[PDB]
$ cat work_25.txt   # compact mmCIF, C-alpha atoms and all ligand atoms
# COMPACT_ATOMS: atom_id res chain seq x y z
CA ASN A 701 -34.88 -43.68 -115.75
CA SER A 702 -36.90 -40.92 -114.09
CA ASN A 703 -36.76 -37.46 -115.76
CA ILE A 704 -36.51 -35.52 -112.47
CA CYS A 705 -33.91 -35.56 -109.62
CA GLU A 706 -34.94 -37.92 -106.87
CA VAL A 707 -33.90 -35.42 -104.14
CA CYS A 708 -35.10 -31.95 -105.33
CA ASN A 709 -37.73 -33.09 -107.91
CA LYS A 710 -36.44 -30.76 -110.65
CA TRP A 711 -35.17 -31.55 -114.14
CA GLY A 712 -31.78 -30.44 -115.30
CA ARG A 713 -28.40 -32.15 -115.87
CA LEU A 714 -29.20 -35.60 -114.41
CA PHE A 715 -27.04 -38.72 -113.86
CA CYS A 716 -28.97 -41.91 -114.16
CA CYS A 717 -28.56 -44.97 -111.92
CA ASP A 718 -27.72 -48.20 -113.80
CA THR A 719 -29.47 -50.52 -111.40
CA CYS A 720 -32.62 -48.59 -110.66
CA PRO A 721 -34.76 -45.92 -112.39
CA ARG A 722 -33.66 -43.02 -110.19
CA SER A 723 -31.84 -39.96 -111.39
CA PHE A 724 -29.79 -37.23 -109.68
CA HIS A 725 -28.31 -33.89 -109.96
CA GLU A 726 -24.54 -34.16 -109.39
CA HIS A 727 -24.55 -32.39 -105.97
CA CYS A 728 -28.03 -33.68 -104.93
CA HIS A 729 -26.66 -37.23 -104.70
CA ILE A 730 -24.57 -37.95 -101.61
CA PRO A 731 -21.77 -38.62 -102.11
CA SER A 732 -21.62 -36.28 -105.28
CA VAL A 733 -22.11 -38.43 -108.45
CA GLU A 734 -18.81 -40.21 -109.15
CA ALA A 735 -16.74 -39.03 -112.27
CA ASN A 736 -16.57 -42.28 -114.18
CA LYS A 737 -17.79 -45.77 -113.04
CA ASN A 738 -19.85 -47.53 -115.70
CA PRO A 739 -22.08 -49.01 -114.55
CA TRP A 740 -22.97 -46.57 -111.71
CA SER A 741 -25.20 -47.50 -108.81
CA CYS A 742 -26.92 -44.79 -106.63
CA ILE A 743 -26.94 -44.71 -102.85
CA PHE A 744 -30.38 -46.30 -102.70
CA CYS A 745 -29.00 -49.26 -104.62
CA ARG A 746 -25.86 -49.46 -102.46
CA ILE A 747 -27.92 -49.47 -99.24
CA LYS A 748 -30.23 -52.23 -100.58
CA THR A 749 -27.08 -54.36 -101.39
CA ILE A 750 -25.84 -54.12 -97.76
CA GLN A 751 -29.16 -55.38 -96.53
CA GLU A 752 -29.21 -58.21 -99.14
CA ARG A 753 -25.68 -59.32 -98.29
CA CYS A 754 -26.55 -59.43 -94.56
CA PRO A 755 -30.30 -60.02 -93.98
CA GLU A 756 -29.75 -60.12 -90.20
CA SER A 757 -28.67 -56.45 -90.36
CA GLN A 758 -32.44 -55.69 -90.36
CA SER A 759 -33.04 -57.22 -86.94
CA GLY A 760 -33.71 -54.62 -84.22
CA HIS A 761 -30.90 -52.66 -82.63
CA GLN A 762 -30.53 -50.39 -79.65
CA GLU A 763 -29.86 -46.73 -80.45
CA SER A 764 -27.07 -46.63 -77.90
CA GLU A 765 -25.17 -49.37 -79.67
CA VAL A 766 -25.71 -47.77 -83.11
CA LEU A 767 -24.40 -44.40 -81.94
CA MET A 768 -21.13 -45.90 -80.64
CA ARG A 769 -20.31 -47.52 -83.95
CA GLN A 770 -17.16 -46.39 -85.64
CA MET A 771 -17.57 -44.77 -89.02
CA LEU A 772 -16.33 -47.64 -91.15
CA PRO A 773 -17.43 -47.65 -94.86
CA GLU A 774 -20.92 -49.13 -94.30
CA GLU A 775 -21.78 -46.72 -91.47
CA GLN A 776 -20.40 -43.78 -93.51
CA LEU A 777 -22.74 -44.83 -96.28
CA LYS A 778 -25.73 -45.19 -93.99
CA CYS A 779 -25.15 -41.62 -92.61
CA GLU A 780 -24.82 -40.26 -96.16
CA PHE A 781 -28.11 -41.89 -97.07
CA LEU A 782 -29.86 -40.56 -93.94
CA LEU A 783 -28.57 -37.07 -94.76
CA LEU A 784 -29.88 -37.47 -98.29
CA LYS A 785 -33.31 -38.55 -97.03
CA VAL A 786 -33.54 -35.22 -95.13
CA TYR A 787 -32.62 -33.22 -98.25
CA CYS A 788 -35.38 -35.13 -100.03
CA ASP A 789 -37.99 -33.14 -98.04
CA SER A 790 -38.56 -29.71 -99.46
CA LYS A 791 -38.66 -28.23 -95.95
CA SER A 792 -34.92 -28.94 -95.72
CA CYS A 793 -34.34 -25.61 -97.49
CA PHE A 794 -34.72 -23.88 -94.17
CA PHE A 795 -31.86 -25.83 -92.62
CA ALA A 796 -29.47 -26.21 -95.61
CA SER A 797 -27.32 -23.13 -95.52
CA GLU A 798 -25.65 -21.13 -92.77
CA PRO A 799 -28.25 -19.40 -90.56
CA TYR A 800 -28.12 -15.99 -88.90
CA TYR A 801 -29.89 -14.85 -85.78
CA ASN A 802 -31.39 -11.36 -85.14
CA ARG A 803 -34.83 -11.56 -83.55
CA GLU A 804 -36.11 -9.37 -80.72
CA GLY A 805 -36.26 -11.41 -77.51
CA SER A 806 -34.03 -14.27 -78.67
CA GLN A 807 -30.33 -14.93 -78.68
CA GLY A 808 -28.67 -17.17 -81.34
CA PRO A 809 -27.36 -20.64 -80.50
CA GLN A 810 -23.91 -21.16 -79.10
CA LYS A 811 -23.13 -23.75 -81.77
CA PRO A 812 -24.87 -23.05 -85.08
CA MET A 813 -25.35 -26.03 -87.37
CA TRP A 814 -26.76 -26.62 -90.82
CA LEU A 815 -27.17 -29.41 -93.42
CA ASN A 816 -24.43 -28.29 -95.83
CA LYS A 817 -21.97 -28.17 -92.85
CA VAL A 818 -22.88 -31.76 -92.01
CA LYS A 819 -22.52 -32.68 -95.67
CA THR A 820 -18.98 -31.18 -95.76
CA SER A 821 -18.10 -32.90 -92.50
CA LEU A 822 -19.09 -36.30 -93.90
CA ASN A 823 -17.23 -35.63 -97.15
CA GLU A 824 -14.09 -34.70 -95.19
CA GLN A 825 -14.41 -37.85 -92.90
CA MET A 826 -14.63 -35.67 -89.76
CA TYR A 827 -16.90 -38.01 -87.84
CA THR A 828 -15.28 -41.01 -86.19
CA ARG A 829 -18.52 -42.47 -84.81
CA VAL A 830 -22.20 -42.47 -85.82
CA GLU A 831 -22.88 -40.44 -82.65
CA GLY A 832 -20.98 -37.42 -84.15
CA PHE A 833 -23.18 -37.22 -87.14
CA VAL A 834 -26.45 -37.82 -85.22
CA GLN A 835 -25.55 -35.18 -82.60
CA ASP A 836 -24.95 -32.52 -85.28
CA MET A 837 -28.21 -33.42 -87.07
CA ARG A 838 -30.29 -33.26 -83.88
CA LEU A 839 -28.54 -29.94 -82.97
CA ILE A 840 -29.89 -28.34 -86.14
CA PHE A 841 -33.48 -28.86 -84.94
CA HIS A 842 -32.83 -28.15 -81.28
CA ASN A 843 -31.21 -24.77 -82.15
CA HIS A 844 -34.23 -23.91 -84.28
CA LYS A 845 -36.74 -24.78 -81.49
CA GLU A 846 -34.90 -22.76 -78.93
CA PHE A 847 -34.44 -19.66 -81.10
CA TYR A 848 -37.98 -19.42 -82.51
CA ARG A 849 -39.62 -19.92 -79.07
CA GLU A 850 -43.35 -19.48 -79.46
CA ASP A 851 -43.32 -18.41 -83.11
CA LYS A 852 -45.26 -20.91 -85.16
CA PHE A 853 -42.14 -21.22 -87.38
CA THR A 854 -40.78 -23.53 -84.66
CA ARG A 855 -42.95 -26.21 -86.24
CA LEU A 856 -40.65 -26.47 -89.27
CA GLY A 857 -37.99 -27.89 -86.89
CA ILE A 858 -40.37 -30.46 -85.48
CA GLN A 859 -41.39 -31.47 -88.94
CA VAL A 860 -37.92 -31.96 -90.42
CA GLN A 861 -36.69 -33.63 -87.18
CA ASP A 862 -39.51 -36.13 -87.55
CA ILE A 863 -38.26 -37.00 -91.08
CA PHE A 864 -34.77 -37.41 -89.72
CA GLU A 865 -35.86 -39.61 -86.79
CA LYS A 866 -38.10 -41.92 -88.87
CA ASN A 867 -35.35 -42.41 -91.43
CA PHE A 868 -32.74 -42.99 -88.67
CA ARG A 869 -34.89 -45.76 -87.21
CA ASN A 870 -35.39 -47.33 -90.67
CA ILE A 871 -31.83 -47.13 -91.98
CA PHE A 872 -30.17 -48.30 -88.77
CA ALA A 873 -32.89 -50.88 -88.02
CA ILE A 874 -33.67 -49.52 -84.59
CA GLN A 875 -35.84 -51.92 -82.52
CA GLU A 876 -39.46 -50.94 -82.72
CA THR A 877 -41.12 -49.82 -79.45
CA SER A 878 -44.42 -48.40 -78.14
ZN ZN B 901 -31.61 -32.30 -107.50
ZN ZN B 902 -30.19 -46.87 -107.96
ZN ZN B 903 -24.23 -62.56 -93.67

$ encode --input "work_25.txt" --output "structure tokens" --more "lines below"
Ligand SMILES: [Zn+2]
Ligand SMILES: [Zn+2]
Ligand SMILES: [Zn+2]
Amino acid sequence: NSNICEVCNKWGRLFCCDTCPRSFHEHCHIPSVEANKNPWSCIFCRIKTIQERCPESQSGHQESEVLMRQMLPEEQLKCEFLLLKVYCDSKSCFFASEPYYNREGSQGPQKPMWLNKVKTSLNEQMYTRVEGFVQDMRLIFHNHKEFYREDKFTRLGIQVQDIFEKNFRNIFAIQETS
């Protein structure tokens, strides 16, 4: 196994996957690393199994159809994995915890949102459809763009949204377009 956490790239108290060489901090993995279960398989491994069991699941899909899917176990897993892929980028730090808004010439968003809130919402099974999860994720970046206006810090939102969007298209096998 790797000697650093796959998500945050630090050493520490790591749980090792049994079916691949990745390792994880307990709360870096999503869902949090399970208490027992020998062997244990990480989320990367679980996602690869879904694909292998149903190769046709990689054919192209329309975003509108994906969003309306109910959050059954496989879609829950896919959203957890997409969330984890965002945390994998170090620029996620900016969006992880609860924000506050006091900048001359700007007013804070009407509906603040942040990664750890989305993480809790998934853990608590608060989303009934994929659309719920995707809306909250895109709201994080949209709030940031609106608040920071012409400050160059707005770019951090564009950057982490791009990671989200690329991973959304990959994990849910969105049909490629020009
Ligand atoms: Zn970690
Ligand atoms: Zn694994
Ligand atoms: Zn099949």

$ closest_residue --input "work_25.txt" --among "A:829, A:811, A:791, A:746" --to "residue A:855" --atoms "only C-alpha atoms"
A:791

$ closest_residue --input "work_25.txt" --among "A:788, A:742, A:771, A:834" --to "ligand ZN 901 (chain B)" --atoms "only C-alpha atoms and all ligand atoms"
A:788

$ residues_near_point --input "work_25.txt" --point "(-32.0, -55.3, -86.1)" --cutoff "10 Å" --atoms "only C-alpha atoms" --output "list in words"
residues 755, 756, 757, 758, 759, 760, 761, 762, 870, 872, 873, 874, 875 and 876 of chain A

$ write_last_selection --input "work_25.txt" --atoms "C-alpha atoms" --output "PDB file, in the frame of the given file"
ATOM      1  CA  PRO A 755     -30.300 -60.020 -93.980  1.00  0.00           C
ATOM      2  CA  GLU A 756     -29.750 -60.120 -90.200  1.00  0.00           C
ATOM      3  CA  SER A 757     -28.670 -56.450 -90.360  1.00  0.00           C
ATOM      4  CA  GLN A 758     -32.440 -55.690 -90.360  1.00  0.00           C
ATOM      5  CA  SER A 759     -33.040 -57.220 -86.940  1.00  0.00           C
ATOM      6  CA  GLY A 760     -33.710 -54.620 -84.220  1.00  0.00           C
ATOM      7  CA  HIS A 761     -30.900 -52.660 -82.630  1.00  0.00           C
ATOM      8  CA  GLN A 762     -30.530 -50.390 -79.650  1.00  0.00           C
ATOM      9  CA  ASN A 870     -35.390 -47.330 -90.670  1.00  0.00           C
ATOM     10  CA  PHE A 872     -30.170 -48.300 -88.770  1.00  0.00           C
ATOM     11  CA  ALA A 873     -32.890 -50.880 -88.020  1.00  0.00           C
ATOM     12  CA  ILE A 874     -33.670 -49.520 -84.590  1.00  0.00           C
ATOM     13  CA  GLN A 875     -35.840 -51.920 -82.520  1.00  0.00           C
ATOM     14  CA  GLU A 876     -39.460 -50.940 -82.720  1.00  0.00           C
TER      15      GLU A 876
END

$ closest_atom_pairs --input "work_25.txt" --of "stretch 782-865 of chain A" --to "stretch 726-738 of chain A" --cutoff "9 Å" --atoms "all atoms listed in the file" --output "Markdown table"
| residue | atom | partner | partner_atom | distance |
| --- | --- | --- | --- | --- |
| A:783 | CA | A:730 | CA | 8.0 |
| A:784 | CA | A:730 | CA | 6.3 |
| A:787 | CA | A:728 | CA | 8.1 |
| A:788 | CA | A:728 | CA | 9.0 |
| A:819 | CA | A:730 | CA | 8.2 |
| A:822 | CA | A:731 | CA | 8.9 |
| A:823 | CA | A:731 | CA | 7.4 |

$ residues_near_ligand --input "work_25.txt" --ligand "ligand ZN 901 (chain B)" --cutoff "8 Å" --atoms "only C-alpha atoms and all ligand atoms" --output "count of residues only"
14

$ closest_residue --input "work_25.txt" --among "A:716, A:753, A:824, A:743" --to "ligand ZN 903 (chain B)" --atoms "only C-alpha atoms and all ligand atoms"
A:753

$ closest_atom_pairs --input "work_25.txt" --of "chain A" --to "ligand ZN 902 (chain B)" --cutoff "6 Å" --atoms "only C-alpha atoms and all ligand atoms" --output "tab-separated table"
residue	atom	partner	partner_atom	distance
A:717	CA	B:ZN902	ZN	4.7
A:719	CA	B:ZN902	ZN	5.1
A:720	CA	B:ZN902	ZN	4.0
A:722	CA	B:ZN902	ZN	5.6
A:741	CA	B:ZN902	ZN	5.1
A:742	CA	B:ZN902	ZN	4.1
A:744	CA	B:ZN902	ZN	5.3
A:745	CA	B:ZN902	ZN	4.3

$ residues_around --input "work_25.txt" --residues "residue A:775" --least-positions-apart "5" --cutoff "10 Å" --atoms "all atoms listed in the file" --output "VMD selection string"
chain A and resid 766 769 to 770 780 to 781 829 to 830 872

$ atom_distance --input "work_25.txt" --atom1 "atom CA of residue A:836" --atom2 "atom CA of residue A:818"
7.1 Å

$ closest_residue --input "work_25.txt" --among "A:703, A:764, A:751, A:790" --to "ligand ZN 903 (chain B)" --atoms "only C-alpha atoms and all ligand atoms"
A:751

$ residues_around --input "work_25.txt" --residues "residue A:810" --least-positions-apart "2" --cutoff "12 Å" --atoms "only C-alpha atoms" --output "list in words"
residues 800, 801, 807, 808, 812, 813, 839, 840, 842, 843, 844, 846 and 847 of chain A

$ closest_residue --input "work_25.txt" --among "A:714, A:777, A:826, A:782" --to "residue A:750" --atoms "only C-alpha atoms"
A:777

$ atom_distance --input "work_25.txt" --atom1 "atom CA of residue A:794" --atom2 "atom CA of residue A:848"
12.9 Å

$ closest_residue --input "work_25.txt" --among "A:767, A:796, A:789, A:805" --to "residue A:832" --atoms "all atoms listed in the file"
A:767

$ atom_distance --input "work_25.txt" --atom1 "atom CA of residue A:749" --atom2 "atom CA of residue A:871"
12.8 Å

$ build_atoms --input "work_25.txt" --residues "stretch 762-795 of chain A" --atoms "N, CA and C atoms" --output "compact mmCIF listing (two decimals), in the coordinates of the input"
# COMPACT_ATOMS: atom_id res chain seq x y z
N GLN A 762 -30.37 -51.47 -80.58
CA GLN A 762 -30.53 -50.39 -79.65
C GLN A 762 -29.81 -49.13 -80.16
N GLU A 763 -30.47 -48.01 -79.99
CA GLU A 763 -29.86 -46.73 -80.45
C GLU A 763 -28.50 -46.52 -79.84
N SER A 764 -28.35 -46.84 -78.53
CA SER A 764 -27.07 -46.63 -77.90
C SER A 764 -25.93 -47.39 -78.53
N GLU A 765 -26.16 -48.62 -78.99
CA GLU A 765 -25.17 -49.37 -79.67
C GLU A 765 -24.85 -48.78 -81.06
N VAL A 766 -25.90 -48.35 -81.75
CA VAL A 766 -25.71 -47.77 -83.11
C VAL A 766 -24.84 -46.52 -82.99
N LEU A 767 -25.12 -45.67 -82.02
CA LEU A 767 -24.40 -44.40 -81.94
C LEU A 767 -22.89 -44.60 -81.71
N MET A 768 -22.53 -45.65 -80.90
CA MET A 768 -21.13 -45.90 -80.64
C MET A 768 -20.36 -46.57 -81.74
N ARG A 769 -21.03 -46.95 -82.85
CA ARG A 769 -20.31 -47.52 -83.95
C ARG A 769 -19.30 -46.59 -84.57
N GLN A 770 -18.12 -47.11 -84.85
CA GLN A 770 -17.16 -46.39 -85.64
C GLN A 770 -17.62 -46.19 -87.07
N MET A 771 -17.20 -45.08 -87.65
CA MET A 771 -17.57 -44.77 -89.02
C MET A 771 -16.78 -45.51 -90.13
N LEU A 772 -16.88 -46.87 -90.12
CA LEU A 772 -16.33 -47.64 -91.15
C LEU A 772 -17.17 -47.40 -92.44
N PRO A 773 -16.72 -47.90 -93.62
CA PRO A 773 -17.43 -47.65 -94.86
C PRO A 773 -18.96 -47.86 -94.88
N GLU A 774 -19.48 -48.93 -94.30
CA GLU A 774 -20.92 -49.13 -94.30
C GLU A 774 -21.69 -48.12 -93.44
N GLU A 775 -21.14 -47.74 -92.29
CA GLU A 775 -21.78 -46.72 -91.47
C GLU A 775 -21.67 -45.32 -92.09
N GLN A 776 -20.55 -45.01 -92.72
CA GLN A 776 -20.40 -43.78 -93.51
C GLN A 776 -21.51 -43.71 -94.50
N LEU A 777 -21.66 -44.80 -95.29
CA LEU A 777 -22.74 -44.83 -96.28
C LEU A 777 -24.14 -44.63 -95.73
N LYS A 778 -24.43 -45.29 -94.61
CA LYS A 778 -25.73 -45.19 -93.99
C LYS A 778 -25.98 -43.71 -93.57
N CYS A 779 -24.94 -43.06 -93.01
CA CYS A 779 -25.15 -41.62 -92.61
C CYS A 779 -25.35 -40.76 -93.84
N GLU A 780 -24.59 -41.02 -94.90
CA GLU A 780 -24.82 -40.26 -96.16
C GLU A 780 -26.23 -40.41 -96.64
N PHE A 781 -26.80 -41.62 -96.62
CA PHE A 781 -28.11 -41.89 -97.07
C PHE A 781 -29.19 -41.21 -96.18
N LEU A 782 -28.98 -41.22 -94.87
CA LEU A 782 -29.86 -40.56 -93.94
C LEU A 782 -29.86 -39.05 -94.18
N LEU A 783 -28.66 -38.52 -94.38
CA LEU A 783 -28.57 -37.07 -94.76
C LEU A 783 -29.35 -36.80 -96.02
N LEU A 784 -29.19 -37.67 -97.04
CA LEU A 784 -29.88 -37.47 -98.29
C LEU A 784 -31.39 -37.54 -98.14
N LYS A 785 -31.91 -38.40 -97.25
CA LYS A 785 -33.31 -38.55 -97.03
C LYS A 785 -33.87 -37.24 -96.43
N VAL A 786 -33.09 -36.53 -95.61
CA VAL A 786 -33.54 -35.22 -95.13
C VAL A 786 -33.62 -34.21 -96.25
N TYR A 787 -32.59 -34.13 -97.07
CA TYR A 787 -32.62 -33.22 -98.25
C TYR A 787 -33.76 -33.54 -99.17
N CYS A 788 -34.24 -34.75 -99.20
CA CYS A 788 -35.38 -35.13 -100.03
C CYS A 788 -36.70 -34.38 -99.67
N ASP A 789 -36.82 -33.91 -98.45
CA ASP A 789 -37.99 -33.14 -98.04
C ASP A 789 -37.76 -31.71 -98.40
N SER A 790 -38.77 -31.11 -99.07
CA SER A 790 -38.56 -29.71 -99.46
C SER A 790 -38.37 -28.73 -98.30
N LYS A 791 -38.82 -29.08 -97.07
CA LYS A 791 -38.66 -28.23 -95.95
C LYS A 791 -37.20 -28.18 -95.46
N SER A 792 -36.32 -29.10 -95.93
CA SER A 792 -34.92 -28.94 -95.72
C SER A 792 -34.24 -27.66 -96.13
N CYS A 793 -34.89 -26.92 -97.08
CA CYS A 793 -34.34 -25.61 -97.49
C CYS A 793 -34.05 -24.69 -96.36
N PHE A 794 -34.87 -24.76 -95.29
CA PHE A 794 -34.72 -23.88 -94.17
C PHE A 794 -33.45 -24.11 -93.36
N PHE A 795 -32.95 -25.35 -93.43
CA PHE A 795 -31.86 -25.83 -92.62
C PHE A 795 -30.58 -26.11 -93.46
